[PDB]
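Novice: only geometry, no sequence info:
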RNA sequence: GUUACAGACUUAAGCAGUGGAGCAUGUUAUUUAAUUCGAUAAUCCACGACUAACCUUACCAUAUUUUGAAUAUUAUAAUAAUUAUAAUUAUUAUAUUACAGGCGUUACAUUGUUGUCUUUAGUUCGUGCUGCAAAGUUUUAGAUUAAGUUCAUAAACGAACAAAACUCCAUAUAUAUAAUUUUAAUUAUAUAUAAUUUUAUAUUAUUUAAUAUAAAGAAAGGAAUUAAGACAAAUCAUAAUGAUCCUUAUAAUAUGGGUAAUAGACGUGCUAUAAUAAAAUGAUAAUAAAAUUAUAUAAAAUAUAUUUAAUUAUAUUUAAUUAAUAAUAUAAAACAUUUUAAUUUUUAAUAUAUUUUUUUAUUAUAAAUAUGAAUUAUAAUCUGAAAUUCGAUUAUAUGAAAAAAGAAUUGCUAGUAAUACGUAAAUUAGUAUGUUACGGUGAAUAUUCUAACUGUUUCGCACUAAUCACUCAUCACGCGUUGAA
Ligand SMILES: [Mg+2]
Ligand SMILES: [Mg+2]
Ligand SMILES: [Mg+2]
Ligand SMILES: [Mg+2]
Ligand SMILES: [Mg+2]
Ligand SMILES: [Mg+2]
Ligand SMILES: [Mg+2]
Ligand SMILES: [Mg+2]
Ligand SMILES: [Mg+2]
Ligand SMILES: [Mg+2]
Ligand SMILES: [Mg+2]
Ligand SMILES: [Mg+2]
Ligand SMILES: [Mg+2]
Ligand SMILES: [Mg+2]
Ligand SMILES: [Mg+2]
Ligand SMILES: [Mg+2]
Ligand SMILES: [Mg+2]
Ligand SMILES: [Mg+2]
Ligand SMILES: [Mg+2]
Ligand SMILES: [Mg+2]
Ligand SMILES: [Mg+2]
Ligand SMILES: [Mg+2]
Ligand SMILES: [Mg+2]
Ligand SMILES: [Mg+2]
Ligand SMILES: [Mg+2]
Ligand SMILES: [Mg+2]
Ligand SMILES: [Mg+2]
Ligand SMILES: [Mg+2]
Ligand SMILES: [Mg+2]
Ligand SMILES: [Mg+2]
Ligand SMILES: [Mg+2]
Ligand SMILES: [Mg+2]
């Protein structure tokens, strides 16, 4: 079902943004260590996502 | 609804009050089919800009109201 | 350095194209941070033998 | 009213929000909500066998239904951007936006059409 | 899409320990502050 | 507004067209309350837009929203989930400011991307060497290639981004797999191998290179890729961002109207102007490919248009399949019989006969059709809640112009052009004369002269934001200085 596939890839794209947002931390407004991350790659097996 | 079956197009209007007492019906429908139940009722059909006063004769019975309120102005050329 | 690969030039191994337009060995990317002056970006392109 | 644009409080879609997108989404939700009812009304209207008064009433009801109940009103927007021209259904994206995504490798199986 | 998707707001709810930073929001706030400073801030909204 | 060569769909042949007609569509102009905005020399003009009824839309008229789509701050209150009648959290409600929002303005602030030069052959970097040096050599004598492409020669030797090659499609062969009912094995698809073909005899010019001949091979294309720079080329209307402007309005929602207005004009197309060409028909259904079908594809069959029935169009109702299995869908030109006005180049009455779907004789048969399909009238049908502005069919009537088109001009060298040859999908609830794709049948022609435009080159150069360059004098405006008198 291609609708479902489209929905999945949308979800994946949205999660990527969320991950990017998470990646930057703060330490009591002293140090802002910006962890750089690659674009995520989502492996959709029948059983599980990775 | 154009097709003879299913027709004709009907819209809700303040018809009965107009029939009782001559108060014109300001329609913004333009796609309501005229009926035999309103010939001799004053309609004020929308033109996009301004509402257009019309008294529905018996020749109009088949047609739409928007057919009698011409939306565009009559074209001319400024010969310069 | 260089962006041609010489492993494909004289051997049985052939080059392949990712999405049918990027030589496998290449990997291209950009990221566009906003400045005080406005928008800018930073293309990077590595070869990897 | 003041607190919301449309009558019913619907959620915002995730990712790229736009005014037109918002308008479309709400409309789609209302269509989904009132799909069966509309169908039933249509059926009652287009019936040679049923009583005529009932069919007329159904037709009137259909006419009086709002802008957001209409299936025909729905327009497929781009999801990444908010464009509504050359919107491909197989990846709910606009033409340029689709191409951009495709070349990046975002699409699941899309690649350059070499022949 | 799925309207219930994780947002930056939630990333505080789920993981209070980690002091996250939403970069785009922070940038927007900085721009607003700059506008306020140089007399190009938004006019106060009418209520009536 | 220069020199010299070389190049190709540049020109020349050739084939089909445009330019005339009507229609479609885009543009212009003008109109309009609004005719939304952009694209507008090559490098705009079926372009952005793979479908403007409402929506989409951004425009206009009238209505009505004002923390609104977000994030955070500060408070009251209510409901639900979890725990062992209380509490913790999550949300919602009412407010509260900062704001949110802006297809508003500037691609002469930007990003990314794209067009043209360009699949053109250019664009540079090391170490060495030359020059006081900026620089030059490398990056070229001369030739050659499609080509900074190999030769060669050279103070050079290597190396990079381009070129080529690897890539994809298609081809040939091999292996594997398919219990040959998902079969098409004449296939599909993974993995290889294969060629930018090889060899030899001769004939011209200098060991090689072009022609010819021969023997060995399936061996012959297309696609993607379009560098640096430039054009302040296109885009702030995919999207994002700088600056700037709007904040009861330049933000937000509904109802209707507009984007479809029409004097002239300009592109692209479509249909035509009839016999090397149009129409009827063709069921042991002549012959394809590619692609779509859970926001569906709709078979058979019944009914009406229609006395048989077929065809075509609707309705009735869903068989099968979400697919190598069923459906869209018996491909169409082709080929065959029949007909065809202009055409007294035919018909029909007689005879006639070894041309009989026919012949001869004698009588009568006296510039748009039995071309074309614009325009309009009425009736139905389809989609949709809705078809008036403003959609698509079918029927019965209506039957304009147009007699192969002035100067000029467009595409194309082969499975190409051409085709009154059809087929599919993307965009839709609904409408393709457009777009993107598939096969079918399949040619004609050929290089020497000149315009242009790309390369590299000759000579010139007072230009270097580089000819939208630089630059000369009067006249006009002010403030000095020095002459004459
Ligand atoms: Mg729609
Ligand atoms: Mg010619
Ligand atoms: Mg003309
Ligand atoms: Mg013409
Ligand atoms: Mg325009
Ligand atoms: Mg412009
Ligand atoms: Mg065009
Ligand atoms: Mg509207
Ligand atoms: Mg607006
Ligand atoms: Mg702002
Ligand atoms: Mg740019
Ligand atoms: Mg050179
Ligand atoms: Mg040099
Ligand atoms: Mg078989
Ligand atoms: Mg190449
Ligand atoms: Mg370039
Ligand atoms: Mg520019
Ligand atoms: Mg410009
Ligand atoms: Mg801007
Ligand atoms: Mg603009
Ligand atoms: Mg925007
Ligand atoms: Mg407004
Ligand atoms: Mg238009
Ligand atoms: Mg003909
Ligand atoms: Mg046949
Ligand atoms: Mg059938
Ligand atoms: Mg089948
Ligand atoms: Mg005719
Ligand atoms: Mg005539
Ligand atoms: Mg015809
Ligand atoms: Mg063909
Ligand atoms: Mg050359």
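Specialist: Right, received. Where do you want to start? Numbers count the residues shown, from 1 in each chain, chains lettered A, B, ... in the order given. Ligands and ions are numbered 1, 2, ... in the order given.

Novice: ok, residue B:52 - contacts?
Specialist: With contacts defined as CB atoms under 8 Å, 6 or more residues apart in numbering or on different chains, residue B:52 is in contact with B:44-46, B:68-69. Any C-beta I mention is one placed from the backbone N, CA and C, and that applies to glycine too.

Novice: tell me which element the nearest residue to residue A:44 once chain neighbours are set aside falls in.
Specialist: What sits nearest to residue A:44 in space, not counting adjacent residues and going by CB to CB, 6 or more residues apart in numbering or on different chains, is residue A:8, at 6.6 Å. Secondary-structure assignment from DSSP states H and E places residue A:8 in helix A:2-23.

Novice: could you list the buried residues of that helix?
Specialist: A:6, A:9-14, A:16-18, A:21-22 (16 or more other CB atoms under 10 Å in any protein chain shown).

Novice: for the residue of chain D found nearest chain C, give me the backbone phi and psi.
Specialist: Using CB to the nearest CB, residue D:112 is the residue of chain D that sits closest to chain C, at 3.7 Å. Main-chain torsions, residue D:112, degrees, to the nearest 10: phi -60, psi 130.

Novice: now do residue B:59
Specialist: Note on residue B:59: backbone dihedrals following degrees, to the nearest 10 are phi -70, psi -20.

Novice: burial of it, as a residue count?
Specialist: Residue B:59 has 9 neighbours, counted by other CB atoms under 10 Å in any protein chain shown.

Novice: same question, residue B:32
Specialist: Neighbours of residue B:32 (other CB under 10 Å): 20.

Novice: residue B:64 touches residue B:35, doesn't it?
Specialist: No. Counting by CB atoms under 8 Å, residue B:64 stays clear of residue B:35, with 11.3 Å between them.

Novice: kindly report the residues of chain E close to chain C.
Specialist: Residues of chain E lying near chain C by CB under 8 Å from any CB of the partner chain: residue E:27.

Novice: chain neighbours aside, what residue packs nearest to the residue most central in space within chain E?
Specialist: In chain E, the C-alpha nearest the mean C-alpha coordinate belongs to residue E:25, at 4.0 Å (CA atoms, centre = their mean). Leaving aside its chain neighbours, residue E:25 sits nearest to residue E:8 (7.3 Å; criterion: CB to CB, 6+ apart).

Novice: the longest helix seen in chain D vs chain E: in contact?
Specialist: Taking DSSP state H as the criterion, chain D has its longest helix at helix D:19-33. No. Residues of helix D:19-33 contacting chain E under CB under 8 Å from any CB: none, with a closest distance of 9.0 Å.

Novice: what is the subsequent helix or strand relative to that helix?
Specialist: helix D:36-45.

Novice: okay, the angle between that next one and helix D:19-33?
Specialist: Helix D:36-45 and helix D:19-33 are oriented at 60 degrees to each other (axes from the mean of the first three to the mean of the last three CA atoms, to 10 degrees).

Novice: now helix D:36-45: buried residues?
Specialist: Residues of helix D:36-45 classed as buried under the neighbour-count rule (16+ other CB under 10 Å) are D:38, D:41, D:44-45.

Novice: still on that earlier bit, of the buried residues of helix A:2-23, which is the nearest to RNA strand F?
Specialist: Nearest to RNA strand F among the buried residues of helix A:2-23, counting by CB to the nearest atom of the strand, is residue A:6 at 8.8 Å.

Novice: show me what contacts the closest one?
Specialist: Residues in contact with residue A:6 (CB under 8 Å, 6+ apart) are D:90-92.

Novice: got it, and residue A:2?
Specialist: residue D:90.

Novice: which residue, other than its chain neighbours, is closest to residue A:40?
Specialist: Distance criterion CB to CB, 6+ apart; nearest residue to residue A:40, sequence neighbours excluded, is residue A:16 at 5.0 Å.

Novice: now the residue nearest the centre of chain B: closest residue in space that isn't a chain neighbour?
Specialist: In chain B, the residue lying closest to the centroid (CA atoms, centre = their mean) is residue B:65, at 2.4 Å. Spatial nearest neighbour of residue B:65, chain neighbours left out: residue B:45 (4.7 Å); criterion: CB to CB, 6+ apart.
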